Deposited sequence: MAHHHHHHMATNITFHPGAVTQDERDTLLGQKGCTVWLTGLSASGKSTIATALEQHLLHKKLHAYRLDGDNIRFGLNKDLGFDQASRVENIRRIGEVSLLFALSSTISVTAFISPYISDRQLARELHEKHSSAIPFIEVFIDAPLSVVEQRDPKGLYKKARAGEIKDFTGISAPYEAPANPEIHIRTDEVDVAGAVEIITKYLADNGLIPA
């Protein structure tokens, strides 16, 4: 069976999870869609996990209580990890207001034997909790959508996940 490093070598990319966090109307969703499209323009495998393809397929059994809300983030975290194991750039902007929401998903990635990168991206715009040391901090008052896509893509290239 194929090893993780051989899969990445054969496919020309390393998998990871890009988790866009921020206020509900900060534009994280718009950036998530643009980032995906740009990476596909580079012929890189990238896939957006959002409420449409997840909330009513895999997660149709989940309601809206605290328990359902946490289980939703747990499942998304695990599915995101599977995509990253397949060498895909998994991108999500799913609602997740608490630091402990993103921490649940981060641990799944860092504790895995593949040590998959979890790239938390703060889309910071003018009861959400902000991240303390996010991998990437994008201030919306200074950068447009295309500039946020460029910063994220450059991070991926700089850290060896996609070709330069």
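What the model leaves out of the deposited chain are the segments 1 to 18, 145 to 173.
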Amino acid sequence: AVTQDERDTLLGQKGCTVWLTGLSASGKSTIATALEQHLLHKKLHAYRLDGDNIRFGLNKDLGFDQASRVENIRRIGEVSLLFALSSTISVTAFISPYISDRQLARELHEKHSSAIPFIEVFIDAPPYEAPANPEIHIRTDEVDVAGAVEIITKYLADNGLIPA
From here on, numbers count along this sequence of modelled residues.
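On average the C-alpha atoms of 20 to 28 have higher B-factors than those of the other stretch, with 150 to 158 and 20 to 28 being the two compared.
Taking the mean C-alpha B-factor of each stretch as recorded, 129 to 137 and 35 to 43 are not equal, and the higher mean is that of 129 to 137. In this entry, the residue among 48, 111, 102, 60 with the greatest C-alpha B factor is 111.
Per the PDB record, residue ranking by Cα B-factor puts residue 118 in the lowest third of the chain.
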